[PDB]
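# Reading the structure
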Protein chains: 2
Amino acid sequence: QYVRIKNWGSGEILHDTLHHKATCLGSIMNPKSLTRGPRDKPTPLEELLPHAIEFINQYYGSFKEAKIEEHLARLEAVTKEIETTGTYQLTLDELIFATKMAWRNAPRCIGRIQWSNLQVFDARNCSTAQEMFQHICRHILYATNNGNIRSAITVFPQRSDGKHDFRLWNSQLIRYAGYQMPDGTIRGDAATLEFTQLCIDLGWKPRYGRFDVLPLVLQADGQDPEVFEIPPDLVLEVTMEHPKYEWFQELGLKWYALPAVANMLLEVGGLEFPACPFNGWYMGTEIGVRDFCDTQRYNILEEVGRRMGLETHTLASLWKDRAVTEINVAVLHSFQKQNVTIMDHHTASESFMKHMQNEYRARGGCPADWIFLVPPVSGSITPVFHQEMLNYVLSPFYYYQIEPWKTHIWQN
Amino acid sequence: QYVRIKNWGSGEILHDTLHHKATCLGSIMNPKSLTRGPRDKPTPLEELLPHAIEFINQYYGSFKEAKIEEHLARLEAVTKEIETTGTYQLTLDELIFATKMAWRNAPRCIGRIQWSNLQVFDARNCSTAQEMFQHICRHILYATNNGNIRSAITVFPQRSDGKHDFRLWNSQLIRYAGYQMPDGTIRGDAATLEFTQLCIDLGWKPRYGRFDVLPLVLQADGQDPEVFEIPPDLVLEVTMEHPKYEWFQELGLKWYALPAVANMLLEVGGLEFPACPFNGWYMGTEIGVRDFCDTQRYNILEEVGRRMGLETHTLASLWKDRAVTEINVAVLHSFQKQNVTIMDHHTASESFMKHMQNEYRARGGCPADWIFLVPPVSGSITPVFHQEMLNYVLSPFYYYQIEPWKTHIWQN
Ligand code: HEM
Ligand code: HEM
Ligand SMILES: CCCCCCCCO[C@@H]1O[C@H](CO)[C@@H](O)[C@H](O)[C@H]1O
Ligand SMILES: CCCCCCCCO[C@@H]1O[C@H](CO)[C@@H](O)[C@H](O)[C@H]1O
Ligand SMILES: C[C@H](O)[C@H](O)[C@H]1CNc2nc(N)[nH]c(=O)c2N1
Ligand SMILES: C[C@H](O)[C@H](O)[C@H]1CNc2nc(N)[nH]c(=O)c2N1
């Protein structure tokens, strides 16, 4: 009938019935069930048609007051389109609905309470890399909005036969470079070494800085990828300052204000969109905890420890807990001072609890990946830690993709 | 062939081959796959015999130098025993091996590096509740060891037909009571209200204190449960003090030094042990984060906030992070000062990483439940957060059980 969900915090019980519409490996980052690979032939008509019917029904069933004539007309028009062309085109309104629903169906997203507030940029008419670059620049500019961040998504042309895919080779729109120095040390974001090297190989000019924004590596209509530098006037950054420790700014840190996922695939009604970058606004712990404190990233934890005068040689002193918290305070304080939208993890978790609650009333479910929803620091202090969650893959949905460099056939 | 495991911290790769010997719901606390319920008929001989053979082979295969004659003799002797009695008895040495292996196969345990260091108390000859009480007292006394905590387990008689089960009704050996006061407020451990009431119903005398140790509710040979008070001289406690904030002790807090799970079932070679309490030593965050900071427990977070002079009215101030850390420092400092064994979560996580590493070399696997292994605070700061893990149920194994009060048929 349904699955029982319990909130060990408030003792509340939820009944999950939404999992029935889904299509021990838990701590796997990129599992196959969350990936949607490439193809070299169109989507079989016997598979496409049913999925399209399902979607058209979902879309029309969401209206406050049903419009049956249009519903039938659309189902019929879509079928005829599939019969005559082997694929079909979504109406702008259907695309909008799809992007929000896909967001809404993202197990790993904690900001889903904002699901209905999303700007959609229709770039399905695109043809060249230069044109992709232009759309991406518009997106970056729109979303940044002088610090008052706005969530948006740019939808490029859908996969046709699978040989003319549009793909952003970057993981995010804005991301810093990582360089292996001559003296053996690493500079910048150590996690981007191979990709930085890739850009260098394609002609990009390395500036060997600590915070050099990487170029957009665009691939359009199956063509080989072209490199484009992001116009510095478009990249808004925040200078890190601590509200008490003046020595903090001496660390010379900063971070970009725009969190935008660039390499995911949007699946809707049998249609696949290999290129559709999107963004929301940052949750403080992503920068404060992941970017700055991961040993495989900027790794600033120990230096902030010494600066604070902590006993960085005794783990039981809980110095790491003391440091990470100050770094997080610096991040939040800095964004707040530069008037750049940002949300702390505590407020974020509460917001999601409200969302999950709204979702179960509205449709009897909310796909949730606990491992991703629980913040990287102070987990049990947040309500999300005490919430039992079901993790299933609905549709529409945003899937991961096999890295483009691993399956791309180079022409020149 | 095997499953690939990746450590996103060091980039290392492990090959899991151990999962083949196993018998999306992830964030479920007490799933059926981890529970072993009651029965009213013996274990079918066609099921028992194979499991027994498997175990005897495992046990004999673990010796540095195989002793084949004994191996054959044992297999044969065990079969004859099963044929003639319908069950069988493990040798003390086999029991020891079973308890350690079960520990070793506990997905949710972070202290598994200590797996081979375990004291085993053989109480399989027990008959009455008074006798269980005596064994439990010996265990508590042995394990506490004046603060220098020792890991131990007391094994009571195995399930025969399922109608003469030995069961400790408590979740832990030492645990504080929770009382609903006349003025509506809760006193003590709010999580133990029903159980405290149960004890009261069975004759126990409520002292309405904040830290009253609950009585042992023992059930022996299927008989109705008898209540027994734990001798105060046996319960070692630690008074909470902060190394800087003198107002900390004014909070009048303390906690027991002995973490002992009392209600789990030990499964080995087809045999089931419904009563086998065990203990290790505390990991600081269990008390500092779970006991003191859970809203459904002692809920001291806000008071510690005000005392610190923090802005407890603004979540973005990260006051909760500041508080919880001081509480954790108080806990660790207090145990260290009273000479009571304890391990901080940072050291704990490192220790487990070493264990997991040792396990993959030794047997190509280590069952791990990420959701439980990652500490309640500062997750990504610990190496465990960046480790991909496989969660499977091997054998021997410690299972959960349906609450005794839910399936017990009362006699008087
Ligand atoms: C408005 C503010 C938003 C906030 C604060 C938020 C926050 C987050 C966070 C904290 C993550 C985890 C990132 C990581 O650790 O890798 C995430 C993941 C994700 N978000 Fe959101 N989000 C927001 C908006 C959006 C929007 C607008 C979309 C898409 C239309 C979305 C789609 C996703 C998806 C698909 C993931 C999974 C990405 C992955 O698995 O790597 N989110 N989000
Ligand atoms: C020597 C020190 C040890 C440490 C520091 C340690 C620590 C822990 C911790 C932190 C948990 C999670 C508790 C919770 O949040 O519910 C746990 C669970 C567990 N431990 Fe260990 N442990 C130790 C020894 C042992 C021993 C001696 C055994 C058994 C022979 C064992 C068996 C288990 C089992 C079965 C669980 C799962 C309990 C549950 O799911 O509620 N551990 N341990
Ligand atoms: C073979 C394909 C058959 C498709 C049958 C579609 C029937 C119409 O479907 C209906 O649409 C309404 C909105 O217009 C919704 O409110 C109803 O819940 C839904 O059942
Ligand atoms: C029907 C039951 C058949 C059981 C066959 C058991 C064969 C013995 O089993 C052997 O025992 C040795 C230790 O003595 C181990 O070292 C070997 O790996 C193991 O194969
Ligand atoms: C191995 C594990 O899946 C990995 O470390 C995870 C854990 N939880 C996460 N949670 C979020 N939000 N983001 C992440 O990248 C990760 N990574
Ligand atoms: C719902 C979720 O399973 C529950 O809150 C968990 C999370 N992780 C945990 N981890 C540990 N170690 N102990 C716990 O009790 C829990 N409880």
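Moving on: the domain arrangement of chain A. By a frequent convention, interface size equals the accessible area lost on bringing the separate parts together. Residue and element names in this part refer to chain A. When cut into domains, chain A gives domain 1 (7-124 + 151-161 + 265-279 + 349-373), domain 2 (125-150 + 165-236 + 400-404) and domain 3 (237-259 + 282-347). Using only C-alpha atoms to locate each centre, domain 1 and domain 3 end up separated by 35 Å. Facing six residues of domain 1, the contacting portion of domain 3 comprises seven residues. Around 400 Å² of area is buried between domain 1 and domain 3 when both sides are counted, 53% of it from carbon and sulfur atoms. In this structure, the connection of domain 1 to domain 3 is made through zero salt bridges. Summed over the shared surface of domain 1 and domain 3, the number is five residue pairs in polar contact. Taken together, the elements giving at least two residues each to the side of domain 1 that touches domain 3 come down to β15 (278-279) and α9 (345-363). Take the side of domain 1 that touches domain 3: its biggest share by element is three residues, from α9. Considering only residue class, the side of domain 1 that touches domain 3 consists of two nonpolar, three polar and one charged.

What follows is about empty space enclosed by the protein. To find the voids left in a structure, one rolls a probe of water-molecule size over its atoms. In this structure, the largest cavity spans a volume of roughly 120 Å³. If you go around the largest cavity, you meet 14 residues; those closest to its centre are A:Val324, A:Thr325, A:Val377, A:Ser378 and B:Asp321. Counting only elements with at least two residues in the lining of the largest cavity, the list comes to α8 (319-337) of chain A together with α8 (319-337) of chain B. Class assignment of the residues belonging to the lining of the largest cavity gives a composition of five nonpolar, seven polar and two charged. There is about 90 Å³ of room inside the second largest cavity. Forming the walls of the second largest cavity are 17 residues, and the residues nearest its centre are A:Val374, A:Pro375, B:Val374, B:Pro375 and B:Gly379. Tallied by class, the residues present in the lining of the second largest cavity amount to 13 nonpolar, four polar and no charged.

Listed per partner, the contact involves 48 residues of chain B and 48 residues of chain A. Note on chain B versus chain A: buried area summed over both sides is about 4200 Å², and carbon and sulfur give 60% of it. The interface formed by chain B and chain A includes two salt bridges. The residue B:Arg322 makes a salt bridge to A:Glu326 at a minimum N-O spacing of 2.7 Å. Connecting chain B to chain A are 16 residue pairs in polar contact. Taken together, the elements giving at least two residues each to the side of chain B that touches chain A come down to α6 (284-293), α8, α9 (345-363) and α10 (370-373) of chain B. Broken down by element, the residue count for the side of chain B that touches chain A peaks at ten residues, all from α8(B).

Another aspect to go through is the packing of helix α1 (residues 45-61) of chain B against helix α2 (residues 68-85) of chain B. Relative placement of two packed helices is described by the angle separating their axes and the distance separating the axes. Residues and elements named next belong to chain B. Following both chains from N to C, one finds α1 and α2 inclined at 160°, their axes separated by 10 Å at the closest point. Judged by the angle between their axes, α1 and α2 are roughly antiparallel. The element α1 and its partner α2 pack so that their crossing is right-handed. On α2, the residues that touch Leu45, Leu48, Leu49, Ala52, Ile53, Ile56, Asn57 and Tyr60 of α1 are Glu70, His71, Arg74, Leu75, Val78, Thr79 and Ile82. Partitioned by chemical class, the residues of the contact of α1 with α2 number ten nonpolar, three polar and two charged.

On the protein, A:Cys109 (SG) is the one donor atom to the iron atom of ligand 1, at 2.7 Å. In this fold, A:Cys109 is placed in the loop between α3 (92-104) and β3 (119-122).

The next point concerns the environment of A:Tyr60. Residues and elements named next belong to chain A. Residue placement: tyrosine 60 occurs in helix α1 (residues 45-61). Judged by relative accessible area, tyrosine 60 falls into the buried class, the value being 9%. With 36 residues separating them in the primary sequence, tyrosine 60 and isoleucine 96 have C-alpha atoms 13 Å apart.

About the cut-offs
- Residues numbered from 1 in each chain as written, not as in the entry; some residues may be left out.
- Chains lettered and ligands numbered in written order.
- Heavy atoms only, no water.
- Residues with missing side-chain atoms left out of burial classes, pairs and counts.
- Domains from an automatic or database assignment.
- Contact = heavy atoms within 4.5 Å.
- Buried area = accessible area lost by both parts, 1.4 Å probe.
- Salt bridge = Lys/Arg side-chain N within 4 Å of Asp/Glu carboxyl O.
- Polar contact = N/O pair within 3.5 Å; in protein donor to acceptor, adjacent residues only side chain to side chain.
- Helix = DSSP H or I, 4+ residues; strand = E, 2+ residues; numbered from the N terminus.
- Nonpolar A, V, L, I, M, F, W, Y, C, P; charged D, E, K, R; others polar.
- 1 Å grid on protein atoms, 1.4 Å probe; cavity = no way out; pocket = protein on both sides within 12 Å on 5 of 7 lines; lining within 4 Å.
- Points joined across faces, edges and corners; volume = space filled by probe spheres on them.
- Axes fitted to C-alpha atoms, helices over the stretch in contact; angles between N-to-C directions.
- Parallel < 35°, antiparallel > 145°, perpendicular 65-115°, else oblique.
- Left-handed = near helix turned anticlockwise from the far one by under 90°.
- Donors = N, O, S within 2.8 Å, 3.2 Å for Na, K, Ca; no water.
- Buried < 20%, exposed > 50% of the residue type's maximum accessible area, 1.4 Å probe, protein only.

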